[PDB]
Amino acid sequence: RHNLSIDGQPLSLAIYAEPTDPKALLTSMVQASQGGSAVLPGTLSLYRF
Amino acid sequence: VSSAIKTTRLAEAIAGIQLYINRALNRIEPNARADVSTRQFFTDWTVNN
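First to last, the protein sequences are chains A and B. Take the first sequence: its position 2, counting from 1, is numbered 640 in this note's numbering, and each next residue is one higher. Take the second sequence: its position 34, counting from 1, is numbered 217 in this note's numbering, and each next residue is one higher.
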């Protein structure tokens, strides 16, 4: 009834649908918004330019 | 039986009727007609089975 031989050996070759390969993992650089310095009013020097 | 085993409609009909003849000739099912069971076909059942 279970498709076996008289000795118990199976008569139908099975299948398993092989697992899907290795995996690629990558990393990336990340940048963010950056500001600059400000300018203040200047002092008056005692010396010439 | 398992779904793995296959057959044909005519082959399965032959197997079913063969089983019925064996049960009837061997007094396994009651009220079997003793006159019919002595036909030449059933006397030669050793080769007609």
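For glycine and all other residues, C-beta sits at the position ideal for the given N, C-alpha and C.
- request: Determine, using beta carbons only, whether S650(A) comes closer than 8 Å to chain B.
  value: On the first sequence, residue 650(A) is found 12 positions in, with the first residue counted as 1. Among the residues facing chain B, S650(A) is included, as its CB has a counterpart in that chain under 8 Å away.
Selection from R192(B), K189(B), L202(B) and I211(B) that minimises the alpha carbon distance to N231(B): Reading the second sequence from its first residue, position 48 is the one you call residue 231(B). Selected option, being the one with the closest Cα: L202(B).
task: Report the neighbours of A187(B) on chain A: residues whose CB is nearer than 7 Å to its CB, in chain order.
output: Residue 187(B) sits at position 4 when you count from the first residue of the second sequence. Under the 7 Å cutoff, chain A gives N641 and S650.
- prompt: How big is the Cα-Cα spacing for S186(B) and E195(B)?
  reply: The residue given as residue 186(B) occupies position 3 in the second sequence. The residue given as residue 195(B) occupies position 12 in the second sequence. In a straight line, the C-alpha of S186(B) is about 15 Å away from that of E195(B).
Within chain A, the residues that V184(B) reaches when beta carbons sit closer than 9 Å: Here the question's residue 184(B) lines up with position 1 in the second sequence. Simply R639, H640 and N641.
query: By Cβ distance, which residues of its chain are closer than 8 Å to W228(B), with the 5 residues on each side in sequence left out?
result: The residue given as residue 228(B) occupies position 45 in the second sequence. So the list reads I204 and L208, once near-sequence residues are dropped.
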